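Read through the structure below, which is laid out as structure tokens, and then see the notes.
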Amino acid sequence: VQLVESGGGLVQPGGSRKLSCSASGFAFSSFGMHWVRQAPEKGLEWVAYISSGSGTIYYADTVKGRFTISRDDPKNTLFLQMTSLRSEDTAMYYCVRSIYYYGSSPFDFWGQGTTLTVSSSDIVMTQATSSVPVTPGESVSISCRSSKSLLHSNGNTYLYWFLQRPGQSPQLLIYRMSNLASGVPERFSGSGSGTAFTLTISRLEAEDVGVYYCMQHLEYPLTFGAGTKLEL
Amino acid sequence: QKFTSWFX
Amino acid sequence: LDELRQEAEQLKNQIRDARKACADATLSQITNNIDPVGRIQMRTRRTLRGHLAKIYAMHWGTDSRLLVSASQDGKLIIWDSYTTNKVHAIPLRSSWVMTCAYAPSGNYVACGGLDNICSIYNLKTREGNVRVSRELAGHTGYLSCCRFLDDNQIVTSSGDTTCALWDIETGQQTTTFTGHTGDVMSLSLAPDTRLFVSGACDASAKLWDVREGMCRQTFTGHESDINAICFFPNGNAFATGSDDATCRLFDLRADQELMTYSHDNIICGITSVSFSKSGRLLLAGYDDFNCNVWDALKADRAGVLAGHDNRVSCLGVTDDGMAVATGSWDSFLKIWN
Amino acid sequence: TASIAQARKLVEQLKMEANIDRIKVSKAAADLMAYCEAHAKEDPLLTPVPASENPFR
Amino acid sequence: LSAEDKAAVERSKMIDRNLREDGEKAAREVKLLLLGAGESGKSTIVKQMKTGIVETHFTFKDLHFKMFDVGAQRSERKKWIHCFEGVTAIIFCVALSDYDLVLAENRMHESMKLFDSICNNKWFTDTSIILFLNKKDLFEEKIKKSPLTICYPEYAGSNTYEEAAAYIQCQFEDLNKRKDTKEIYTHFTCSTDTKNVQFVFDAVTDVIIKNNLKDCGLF
Amino acid sequence: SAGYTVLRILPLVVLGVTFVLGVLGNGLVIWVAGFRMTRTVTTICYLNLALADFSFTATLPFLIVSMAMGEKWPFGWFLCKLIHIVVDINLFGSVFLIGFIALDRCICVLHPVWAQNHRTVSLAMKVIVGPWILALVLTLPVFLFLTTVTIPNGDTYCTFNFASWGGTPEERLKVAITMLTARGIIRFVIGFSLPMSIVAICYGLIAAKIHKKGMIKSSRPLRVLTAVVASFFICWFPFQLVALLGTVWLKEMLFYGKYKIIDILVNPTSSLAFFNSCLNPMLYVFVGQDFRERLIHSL
Ligand SMILES: CCCCCCCCCCCCCCCC(=O)O
Ligand SMILES: CCCCCCCCCCCCCCCC(=O)O
């Protein structure tokens, strides 16, 4: 399973570009795909989403009309046609896969990203503490708060945790507020009530440092937190 | 000018 | 010479005299004072459509929400029973399936049939597709039932008159059970996963030990081929189902038949047998297109499920006892509550 | 002789079929009557469940 | 209702499109059940059409065929013969040279015991039977040195090839107790014939027309 | 006028019989061949023929009181337009789908391999709208021109008007003879002559094949074959002849009368043409044994 993107560079404003995301090592036709950008020294925010078989296509309100998502399932490539690039479009664009069934783990694999330079209501997730001083060995707890209750009527609480190591792509830690992803240790634990949540790490290591990102999946647009950085 | 409309 | 043959007959006379020595009072005599169950009226809550041929087996999950189903179209569909959603659709290398199993952890599904191979599938791959984990080859007869012990141990029944416990990682059968005379048709694991029963076409169900590989007990009450078998939730009893139009409950400790569930209006074979969570209601599928529920302590018909247009081939109650799934040859898989 | 192999392992099987311990059926019937009485409240099919606790509405 | 739930319905609505698409590809394939008592010429027929069930796929005049050989696994037939209820036709092969051979306990008599168990079966009340009477090139060995009275003591007839082979064909067709619902198609085979796949094509085309006419009420 | 009392009320007794047999005969087909039987190409064609006859039969109470009052329409402008849209579509949908059931049955028998390979349930629903689009195209005369008119006595009748299209009142009648001859030609050529040439050819090519191949072992093939082609003839040919003779002589009746028999027979022959709608379940759907087995286990 790997996603390597291409198409970044230095674009003059008002121009156009086509980012491509080439998928390898997994069933690309069964996975719905997202594009998540990351502005320089800022948090993540969602751009677009295309489903399996291109039946449901959603966009962010910032990029609606200008940006166009598409996929080619026989070629295992994912496209994001960008038109009329503004000065706020400079970001690292990530390619995220997500499958949707009962018990699935969406947002599980993120691509490495391409840097785009342009040469110039909604559920607000307020991840309050931006920086936490910690040393390895003891527990830490990252809090997240939402403007709306994410506990749906089916019993699911749609909170997704992400960890971005310095110089690396984000990886999924906890999906739907209490289920740890495949590959993460048992140190991470999640609890919440619907509007206020927490991510607890049992014993902190030098591997666990980075910026921890909160995310909701109750309704589109999927909004992220500002980020909680762990320093040592 | 009277044509009783025929069904068809 | 032939004195070994006649010794086997008085050995059967010693067993029959030992069964009659414990037979003091019937189960119908004890339960005259207990209250009769009212007429159980389960309605159809969900009809699961999408199969295009005869459904031959289903198995519930331990989460009591996900169920797999096997049909002759070559498809193994995993259903979300709460929302009628199809989670997976697994194409099979041979469409002649006769059994299917869901792993207790939820990671695996099995299937088998006229290809004589039990194929274990992996649902939790890092890729999004369901892959074939193993193919248990050596069983030389049509594979009638399969049941998961653990993620690495699965027991199977086949029409080569044998049962076999397999190690999945090595792909080799570690224990073969060769007591039966006819084609073994059904399995039922005990709740403590140490024993299992197996009914065959010689009208005999045998209680097996998984660790030792020895036949512990043998029950000889029926008149024809036992198609269905199911353990009581206690683990000390099991009910059978045959073409005698007769279900009957056996006991592993009294080592004999306790009660016979038969009606004179029924002249059709039993295809599937399942128990409730308490063991009070014994549910039995029939060739009369219905599923009759049986009050398992009083031998009276507590009700009937009549929403199928063909033979009710498979039947399963959830672990929390909420639902009863009924699959049949009319390509439908009905959820009852 | 292939017949004496089928005979001797069937006789050896019927010995362990005979030497098992057996309890009375009146104790075996009363234990199934005791299990059904204890877990009767936890049975959602023996009594109809309210629609709020039913996932299959 | 939820974003994830909506994408789960969209996954399920993409699955039943694939189940409906794969169900159309299976309905174009004519299913055939290939039977026969022992090695009565099953291996010669599958070469002419060119450890459990063995399926053979072949095409002839834009018609896809699926032929299942279930003689490779021996068990009670009563428990898996209902798996083949919707088959288009049954191909039953009988070696004509098996009238003199006796098995360990007559070998043509066991073919007649296998035939009436299949022709008069409750799962095959309407299924046509293409009866291949194989090995007619053992004319040169068997019927001259040994008459047909070995297996049919009721028969005197004639010791010619044509009237003895017509007697064996009639003795297999008299076992058909359902003369109004099913039809027995009989062809003779010498294991050097190229026209065996044509006789299966003419038989199924009659069955496809008859099955289409029963759906429209004309039969 | 001694025998004309029968010729007046005999349409009323036939339109009442096909009403009480239509909504029960076709509604039984929509019940079990739509919801209790699996979907086949044969069952889809029987379902769309049932909706073509059931939705027409629901408009028979409005027509049986308009025929009893002597073409006096007591209902409104909206029920004047909608019912005659629903009558024309579903009468054309009844005839065009009878010809589609016949082409299906002929491709299935005359070319058996193409049906197994290409005839499927997904292709069936896409070609079944062909008879329905051809109905909506041919019913555009009614949408545009069927408007309630009031004669001075105060009676309201549902006829056509073309003075809004011609402008001048003498040459508005030039348009009136124009499309009424265009209506009478498409009623006979497309509405009768084309599906009769489909029914007689395809059900004759079927009997040419099954007699050559020796598939007759009972009289049930040739009697259901001759029931379909005769019920499509003796119901529709009394109506489509007096409507063609009407179109041939339109000028003579409107401008100068002189042809009474054509008018007196339209109510009698149209009632026989509407009696085909209650016969289509009994001739196409009730004949098959698979349908009768599903009806007795559903009641
Ligand atoms: C204005 C045209 C009127 C006549 C319409 C005739 C319609 C065609 C009838 C024959 C259809 C089937 C032809 C043979 C098909 C085959 O067997 O390959
Ligand atoms: C000519 C006007 C009426 C036309 C009616 C429809 C004609 C259909 C023509 C094709 C019918 C046969 C289709 C299969 C042909 C083949 O593959 O042999």
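Following the order of the structure tokens, first chain is A, next is B, and so on, with residues numbered from 1 inside each chain and ligands from 1 in the order they appear.
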Chain C contacts on chain E, only C-alpha atoms, 12 Å, as a PyMOL selection string: chain E and resi 1+5-27+51-55+66+68-86
Keeping only N, CA and C atoms, write those residues as a short mmCIF file (atom, residue, chain, number, x, y, z; two decimals), in the first residue's frame.
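New file out-v9.cif:
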data_model
loop_
_atom_site.label_atom_id
_atom_site.label_comp_id
_atom_site.auth_asym_id
_atom_site.auth_seq_id
_atom_site.Cartn_x
_atom_site.Cartn_y
_atom_site.Cartn_z
N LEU E 1 -28.23 7.82 7.10
CA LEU E 1 -28.29 9.24 7.54
C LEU E 1 -26.88 9.84 7.67
N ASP E 5 -22.54 6.27 6.96
CA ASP E 5 -23.67 5.38 6.63
C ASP E 5 -24.08 5.54 5.18
N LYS E 6 -24.10 6.76 4.67
CA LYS E 6 -24.46 7.03 3.26
C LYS E 6 -23.45 6.39 2.33
N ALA E 7 -22.18 6.37 2.70
CA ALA E 7 -21.14 5.75 1.87
C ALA E 7 -21.17 4.24 2.02
N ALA E 8 -21.79 3.75 3.08
CA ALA E 8 -21.96 2.31 3.24
C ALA E 8 -23.11 1.81 2.38
N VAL E 9 -24.16 2.62 2.22
CA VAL E 9 -25.23 2.29 1.30
C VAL E 9 -24.73 2.39 -0.14
N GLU E 10 -23.85 3.35 -0.41
CA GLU E 10 -23.28 3.50 -1.74
C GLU E 10 -22.31 2.36 -2.06
N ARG E 11 -21.69 1.78 -1.03
CA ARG E 11 -20.90 0.57 -1.24
C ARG E 11 -21.80 -0.62 -1.53
N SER E 12 -22.89 -0.74 -0.78
CA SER E 12 -23.84 -1.83 -1.00
C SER E 12 -24.59 -1.68 -2.31
N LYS E 13 -24.83 -0.44 -2.75
CA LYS E 13 -25.50 -0.24 -4.03
C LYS E 13 -24.55 -0.41 -5.20
N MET E 14 -23.24 -0.47 -4.93
CA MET E 14 -22.29 -0.83 -5.98
C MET E 14 -22.03 -2.33 -5.98
N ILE E 15 -22.43 -3.01 -4.91
CA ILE E 15 -22.25 -4.46 -4.83
C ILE E 15 -23.37 -5.18 -5.56
N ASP E 16 -24.62 -4.73 -5.36
CA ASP E 16 -25.75 -5.41 -5.99
C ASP E 16 -25.82 -5.11 -7.49
N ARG E 17 -25.13 -4.07 -7.94
CA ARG E 17 -24.91 -3.89 -9.36
C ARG E 17 -23.96 -4.96 -9.89
N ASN E 18 -22.96 -5.34 -9.09
CA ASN E 18 -22.01 -6.36 -9.52
C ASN E 18 -22.60 -7.75 -9.38
N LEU E 19 -23.52 -7.94 -8.43
CA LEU E 19 -24.21 -9.22 -8.32
C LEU E 19 -25.22 -9.40 -9.44
N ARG E 20 -25.85 -8.30 -9.86
CA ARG E 20 -26.78 -8.36 -10.98
C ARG E 20 -26.03 -8.54 -12.29
N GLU E 21 -24.82 -7.99 -12.37
CA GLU E 21 -24.02 -8.12 -13.59
C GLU E 21 -23.43 -9.51 -13.71
N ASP E 22 -23.00 -10.09 -12.59
CA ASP E 22 -22.48 -11.45 -12.61
C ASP E 22 -23.59 -12.48 -12.75
N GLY E 23 -24.82 -12.11 -12.40
CA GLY E 23 -25.93 -13.04 -12.57
C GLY E 23 -26.37 -13.14 -14.02
N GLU E 24 -26.11 -12.10 -14.81
CA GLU E 24 -26.43 -12.16 -16.23
C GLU E 24 -25.40 -12.99 -16.98
N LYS E 25 -24.16 -12.99 -16.51
CA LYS E 25 -23.12 -13.79 -17.15
C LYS E 25 -23.31 -15.27 -16.86
N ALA E 26 -23.99 -15.60 -15.76
CA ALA E 26 -24.22 -16.99 -15.42
C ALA E 26 -25.45 -17.53 -16.13
N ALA E 27 -26.40 -16.66 -16.47
CA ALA E 27 -27.60 -17.10 -17.17
C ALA E 27 -27.34 -17.36 -18.64
N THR E 51 -10.35 -32.53 -6.73
CA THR E 51 -10.67 -33.93 -6.48
C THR E 51 -12.17 -34.13 -6.29
N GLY E 52 -12.92 -33.04 -6.39
CA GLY E 52 -14.36 -33.08 -6.29
C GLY E 52 -15.04 -32.96 -7.63
N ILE E 53 -15.87 -31.92 -7.75
CA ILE E 53 -16.56 -31.66 -9.00
C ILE E 53 -15.56 -31.06 -9.99
N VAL E 54 -15.67 -31.47 -11.25
CA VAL E 54 -14.79 -31.01 -12.32
C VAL E 54 -15.66 -30.33 -13.37
N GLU E 55 -15.42 -29.04 -13.58
CA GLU E 55 -16.19 -28.28 -14.55
C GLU E 55 -15.40 -28.12 -15.84
N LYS E 66 -21.44 -25.19 -19.64
CA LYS E 66 -20.78 -25.58 -18.40
C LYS E 66 -21.14 -27.04 -18.12
N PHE E 68 -20.48 -30.35 -15.73
CA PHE E 68 -20.02 -30.75 -14.41
C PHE E 68 -19.89 -32.26 -14.37
N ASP E 69 -18.72 -32.75 -13.97
CA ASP E 69 -18.45 -34.18 -13.85
C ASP E 69 -18.40 -34.48 -12.36
N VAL E 70 -19.42 -35.17 -11.86
CA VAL E 70 -19.51 -35.44 -10.43
C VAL E 70 -19.20 -36.89 -10.08
N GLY E 71 -18.70 -37.68 -11.02
CA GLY E 71 -18.33 -39.04 -10.72
C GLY E 71 -17.00 -39.19 -10.02
N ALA E 72 -16.28 -38.09 -9.81
CA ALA E 72 -14.95 -38.18 -9.21
C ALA E 72 -15.00 -38.34 -7.70
N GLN E 73 -16.13 -38.02 -7.07
CA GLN E 73 -16.26 -38.15 -5.62
C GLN E 73 -17.46 -39.04 -5.30
N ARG E 74 -17.21 -40.08 -4.50
CA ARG E 74 -18.19 -41.11 -4.20
C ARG E 74 -18.75 -40.90 -2.80
N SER E 75 -20.06 -40.68 -2.74
CA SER E 75 -20.79 -40.54 -1.49
C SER E 75 -22.25 -40.87 -1.77
N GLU E 76 -23.14 -40.58 -0.84
CA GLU E 76 -24.56 -40.80 -1.09
C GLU E 76 -25.06 -39.70 -2.02
N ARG E 77 -25.67 -40.11 -3.14
CA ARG E 77 -26.06 -39.16 -4.17
C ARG E 77 -27.23 -38.30 -3.72
N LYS E 78 -28.06 -38.83 -2.81
CA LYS E 78 -29.29 -38.22 -2.34
C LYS E 78 -29.07 -36.88 -1.64
N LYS E 79 -27.86 -36.61 -1.15
CA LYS E 79 -27.59 -35.42 -0.37
C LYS E 79 -27.01 -34.27 -1.19
N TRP E 80 -26.48 -34.53 -2.38
CA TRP E 80 -26.03 -33.44 -3.24
C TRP E 80 -26.65 -33.42 -4.62
N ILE E 81 -27.65 -34.25 -4.92
CA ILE E 81 -28.25 -34.23 -6.25
C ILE E 81 -29.25 -33.08 -6.38
N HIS E 82 -29.65 -32.48 -5.26
CA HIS E 82 -30.53 -31.33 -5.31
C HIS E 82 -29.78 -30.04 -5.63
N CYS E 83 -28.44 -30.09 -5.67
CA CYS E 83 -27.66 -28.94 -6.10
C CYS E 83 -27.77 -28.69 -7.59
N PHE E 84 -28.18 -29.69 -8.36
CA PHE E 84 -28.27 -29.61 -9.81
C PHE E 84 -29.70 -29.56 -10.30
N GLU E 85 -30.60 -28.93 -9.54
CA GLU E 85 -32.02 -28.94 -9.87
C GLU E 85 -32.32 -28.10 -11.10
N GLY E 86 -31.66 -26.96 -11.24
CA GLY E 86 -31.89 -26.09 -12.37
C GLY E 86 -30.98 -26.32 -13.54
#
At most 10 Å from ligand 1 (only C-alpha atoms and all ligand atoms): residue list as a ChimeraX atom specification: /F:99,102-115,189-190,193-203,205-206
Output C-alpha atoms for every residue in that selection, as a tab-separated table (two decimals), in the first residue's frame.
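Result written to result_19.tsv:
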chain	number	residue	atom	x	y	z
F	99	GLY	CA	-46.65	-6.50	-30.40
F	102	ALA	CA	-44.84	-11.22	-29.78
F	103	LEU	CA	-41.43	-10.07	-31.06
F	104	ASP	CA	-39.94	-11.31	-27.75
F	105	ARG	CA	-41.62	-14.67	-28.09
F	106	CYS	CA	-40.49	-14.99	-31.72
F	107	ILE	CA	-36.81	-14.09	-31.12
F	108	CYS	CA	-36.86	-16.51	-28.16
F	109	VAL	CA	-38.18	-19.45	-30.31
F	110	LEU	CA	-36.91	-18.63	-33.86
F	111	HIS	CA	-33.36	-17.60	-32.65
F	112	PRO	CA	-32.89	-19.42	-29.31
F	113	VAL	CA	-29.07	-18.79	-28.81
F	114	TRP	CA	-29.38	-14.98	-29.20
F	115	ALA	CA	-31.98	-14.91	-26.43
F	189	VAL	CA	-51.42	2.28	-39.88
F	190	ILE	CA	-49.43	2.60	-36.66
F	193	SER	CA	-51.88	-2.34	-39.15
F	194	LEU	CA	-48.39	-2.42	-37.66
F	195	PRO	CA	-49.09	-4.52	-34.50
F	196	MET	CA	-51.47	-6.86	-36.34
F	197	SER	CA	-48.68	-7.45	-38.85
F	198	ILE	CA	-46.42	-8.16	-35.87
F	199	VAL	CA	-48.86	-10.48	-34.08
F	200	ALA	CA	-49.92	-12.50	-37.13
F	201	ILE	CA	-46.38	-12.88	-38.49
F	202	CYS	CA	-44.56	-13.71	-35.25
F	203	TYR	CA	-47.21	-16.06	-33.87
F	205	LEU	CA	-43.56	-18.04	-37.49
F	206	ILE	CA	-43.65	-19.65	-34.04
Within 6 Å of chain C: each chain D residue with its shortest pair, only C-alpha atoms, as a Markdown table:
| residue | atom | partner | partner_atom | distance |
| --- | --- | --- | --- | --- |
| D:11 | CA | C:8 | CA | 5.6 |
| D:17 | CA | C:217 | CA | 5.8 |
| D:18 | CA | C:15 | CA | 5.6 |
| D:22 | CA | C:254 | CA | 5.2 |
| D:23 | CA | C:254 | CA | 5.2 |
| D:24 | CA | C:22 | CA | 4.4 |
| D:25 | CA | C:254 | CA | 5.5 |
| D:26 | CA | C:25 | CA | 5.6 |
| D:29 | CA | C:27 | CA | 5.5 |
| D:36 | CA | C:278 | CA | 5.1 |
| D:39 | CA | C:278 | CA | 5.3 |
| D:43 | CA | C:277 | CA | 5.8 |
| D:44 | CA | C:322 | CA | 5.4 |
| D:56 | CA | C:45 | CA | 5.9 |
Atomic separation - atom CA of residue 35 of chain E relative to atom CA of residue 90 of chain E, Å: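 It comes out at 7.2 Å.
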Residue hits in chain F, query chain E, radius 9 Å, only C-alpha atoms, as a ChimeraX atom specification: /F:42,105,108-118,120-122,210,213,215-218,220-225,284-290
Which of segment 6-218 of chain E DSSP labels strand (DSSP E or B), written as a tab-separated table (two decimals) with N, CA, C and O atoms, in the first residue's frame:
chain	number	residue	atom	x	y	z
E	29	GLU	N	-24.81	-19.07	-19.62
E	29	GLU	CA	-24.09	-20.33	-19.65
E	29	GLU	C	-25.06	-21.49	-19.48
E	29	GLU	O	-25.82	-21.52	-18.51
E	30	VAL	N	-25.04	-22.42	-20.42
E	30	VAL	CA	-25.86	-23.62	-20.30
E	30	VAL	C	-25.16	-24.61	-19.39
E	30	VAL	O	-24.02	-25.02	-19.64
E	31	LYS	N	-25.84	-25.01	-18.32
E	31	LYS	CA	-25.30	-25.95	-17.35
E	31	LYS	C	-25.68	-27.35	-17.78
E	31	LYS	O	-26.82	-27.60	-18.18
E	32	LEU	N	-24.72	-28.27	-17.72
E	32	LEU	CA	-24.92	-29.66	-18.08
E	32	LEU	C	-24.34	-30.55	-17.00
E	32	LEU	O	-23.21	-30.32	-16.54
E	33	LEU	N	-25.09	-31.56	-16.58
E	33	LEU	CA	-24.64	-32.51	-15.58
E	33	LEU	C	-24.23	-33.80	-16.29
E	33	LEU	O	-25.07	-34.48	-16.88
E	34	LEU	N	-22.94	-34.12	-16.22
E	34	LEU	CA	-22.39	-35.28	-16.91
E	34	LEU	C	-22.30	-36.44	-15.94
E	34	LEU	O	-21.56	-36.37	-14.95
E	35	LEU	N	-23.04	-37.51	-16.22
E	35	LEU	CA	-23.08	-38.68	-15.37
E	35	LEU	C	-22.60	-39.89	-16.16
E	35	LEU	O	-22.21	-39.79	-17.32
E	36	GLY	N	-22.63	-41.05	-15.50
E	36	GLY	CA	-22.17	-42.28	-16.12
E	36	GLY	C	-21.69	-43.29	-15.10
E	36	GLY	O	-21.02	-42.93	-14.13
E	54	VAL	N	-15.67	-31.47	-11.25
E	54	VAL	CA	-14.79	-31.01	-12.32
E	54	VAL	C	-15.66	-30.33	-13.37
E	54	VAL	O	-16.53	-30.96	-13.97
E	55	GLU	N	-15.42	-29.04	-13.58
E	55	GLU	CA	-16.19	-28.28	-14.55
E	55	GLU	C	-15.40	-28.12	-15.84
E	55	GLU	O	-14.18	-27.93	-15.83
E	56	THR	N	-16.11	-28.19	-16.96
E	56	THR	CA	-15.53	-28.02	-18.28
E	56	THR	C	-16.31	-26.96	-19.04
E	56	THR	O	-17.52	-27.11	-19.25
E	57	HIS	N	-15.62	-25.90	-19.45
E	57	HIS	CA	-16.22	-24.80	-20.19
E	57	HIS	C	-15.87	-24.96	-21.66
E	57	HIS	O	-14.70	-25.12	-22.01
E	58	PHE	N	-16.89	-24.90	-22.52
E	58	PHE	CA	-16.66	-24.93	-23.95
E	58	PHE	C	-17.77	-24.17	-24.65
E	58	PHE	O	-18.89	-24.06	-24.14
E	59	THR	N	-17.45	-23.63	-25.82
E	59	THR	CA	-18.39	-22.87	-26.62
E	59	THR	C	-18.62	-23.58	-27.95
E	59	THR	O	-17.70	-24.17	-28.51
E	64	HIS	N	-22.46	-20.71	-24.70
E	64	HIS	CA	-21.53	-21.08	-23.65
E	64	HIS	C	-22.08	-22.26	-22.86
E	64	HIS	O	-23.25	-22.27	-22.48
E	65	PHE	N	-21.22	-23.25	-22.61
E	65	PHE	CA	-21.61	-24.47	-21.94
E	65	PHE	C	-20.79	-24.66	-20.67
E	65	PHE	O	-19.60	-24.33	-20.63
E	66	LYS	N	-21.44	-25.19	-19.64
E	66	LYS	CA	-20.78	-25.58	-18.40
E	66	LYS	C	-21.14	-27.04	-18.12
E	66	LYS	O	-22.31	-27.36	-17.91
E	67	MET	N	-20.14	-27.91	-18.11
E	67	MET	CA	-20.35	-29.33	-17.93
E	67	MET	C	-19.69	-29.79	-16.64
E	67	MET	O	-18.47	-29.66	-16.48
E	68	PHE	N	-20.48	-30.35	-15.73
E	68	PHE	CA	-20.02	-30.75	-14.41
E	68	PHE	C	-19.89	-32.26	-14.37
E	68	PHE	O	-20.84	-32.98	-14.69
E	69	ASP	N	-18.72	-32.75	-13.97
E	69	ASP	CA	-18.45	-34.18	-13.85
E	69	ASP	C	-18.40	-34.48	-12.36
E	69	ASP	O	-17.46	-34.09	-11.66
E	89	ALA	N	-29.69	-29.82	-19.04
E	89	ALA	CA	-29.83	-31.20	-19.48
E	89	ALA	C	-28.79	-32.06	-18.77
E	89	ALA	O	-27.73	-31.57	-18.36
E	90	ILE	N	-29.11	-33.34	-18.62
E	90	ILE	CA	-28.22	-34.33	-18.03
E	90	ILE	C	-27.62	-35.17	-19.14
E	90	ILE	O	-28.35	-35.71	-19.98
E	91	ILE	N	-26.30	-35.29	-19.16
E	91	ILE	CA	-25.62	-36.13	-20.14
E	91	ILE	C	-25.23	-37.43	-19.45
E	91	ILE	O	-24.32	-37.46	-18.62
E	92	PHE	N	-25.95	-38.50	-19.79
E	92	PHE	CA	-25.77	-39.82	-19.20
E	92	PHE	C	-25.10	-40.71	-20.23
E	92	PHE	O	-25.68	-40.98	-21.29
E	93	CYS	N	-23.89	-41.17	-19.93
E	93	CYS	CA	-23.13	-41.98	-20.86
E	93	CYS	C	-23.11	-43.43	-20.38
E	93	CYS	O	-22.91	-43.70	-19.20
E	94	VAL	N	-23.40	-44.35	-21.30
E	94	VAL	CA	-23.39	-45.78	-21.03
E	94	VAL	C	-22.53	-46.45	-22.08
E	94	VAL	O	-22.78	-46.29	-23.28
E	95	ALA	N	-21.52	-47.19	-21.65
E	95	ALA	CA	-20.67	-47.95	-22.56
E	95	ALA	C	-21.45	-49.16	-23.04
E	95	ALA	O	-21.88	-49.99	-22.23
E	128	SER	N	-34.25	-32.77	-19.52
E	128	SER	CA	-33.97	-33.66	-20.64
E	128	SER	C	-32.66	-34.41	-20.41
E	128	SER	O	-31.75	-33.94	-19.72
E	129	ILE	N	-32.58	-35.60	-21.00
E	129	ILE	CA	-31.42	-36.47	-20.85
E	129	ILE	C	-30.85	-36.77	-22.23
E	129	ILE	O	-31.56	-37.31	-23.09
E	130	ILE	N	-29.58	-36.44	-22.44
E	130	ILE	CA	-28.87	-36.76	-23.67
E	130	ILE	C	-28.09	-38.04	-23.39
E	130	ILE	O	-27.02	-38.01	-22.79
E	131	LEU	N	-28.64	-39.16	-23.84
E	131	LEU	CA	-28.09	-40.48	-23.54
E	131	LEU	C	-27.05	-40.85	-24.59
E	131	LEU	O	-27.40	-41.18	-25.72
E	132	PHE	N	-25.78	-40.79	-24.22
E	132	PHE	CA	-24.70	-41.20	-25.10
E	132	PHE	C	-24.44	-42.69	-24.91
E	132	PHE	O	-24.03	-43.11	-23.82
E	133	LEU	N	-24.68	-43.48	-25.94
E	133	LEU	CA	-24.38	-44.91	-25.90
E	133	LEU	C	-23.01	-45.09	-26.53
E	133	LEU	O	-22.87	-45.27	-27.74
E	134	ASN	N	-21.98	-45.03	-25.69
E	134	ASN	CA	-20.61	-44.98	-26.17
E	134	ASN	C	-20.13	-46.36	-26.60
E	134	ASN	O	-20.79	-47.38	-26.37
E	184	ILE	N	-35.78	-38.02	-23.84
E	184	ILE	CA	-34.49	-38.70	-23.85
E	184	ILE	C	-33.95	-38.66	-25.27
E	184	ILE	O	-34.57	-39.21	-26.19
E	185	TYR	N	-32.80	-38.02	-25.45
E	185	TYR	CA	-32.12	-37.95	-26.74
E	185	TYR	C	-30.99	-38.96	-26.73
E	185	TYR	O	-30.12	-38.93	-25.86
E	186	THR	N	-31.00	-39.87	-27.70
E	186	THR	CA	-30.04	-40.96	-27.75
E	186	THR	C	-29.14	-40.82	-28.97
E	186	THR	O	-29.62	-40.69	-30.10
E	187	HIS	N	-27.83	-40.84	-28.74
E	187	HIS	CA	-26.84	-40.79	-29.80
E	187	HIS	C	-25.82	-41.88	-29.58
E	187	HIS	O	-25.48	-42.20	-28.44
E	188	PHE	N	-25.33	-42.46	-30.67
E	188	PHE	CA	-24.31	-43.50	-30.61
E	188	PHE	C	-22.94	-42.90	-30.89
E	188	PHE	O	-22.80	-42.04	-31.76
Residue hits in chain A, query chain C, radius 7 Å, only C-alpha atoms, as a PyMOL selection string: chain A and resi 26-27+30+101-102
Two-atom distance - atom CA of residue 90 of chain F, atom CA of residue 1 of chain B (Å):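 Calculated distance between atom CA of residue 90 of chain F and atom CA of residue 1 of chain B is 28.2 Å.
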Two-atom distance - atom CA of residue 261 of chain C, atom CA of residue 194 of chain C (Å): 27.6 Å
Nearest candidate to ligand 2 (options F:94, F:119, F:39, F:57; using only C-alpha atoms and all ligand atoms):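 Among the listed residues, the smallest separation from ligand 2 belongs to F:119.
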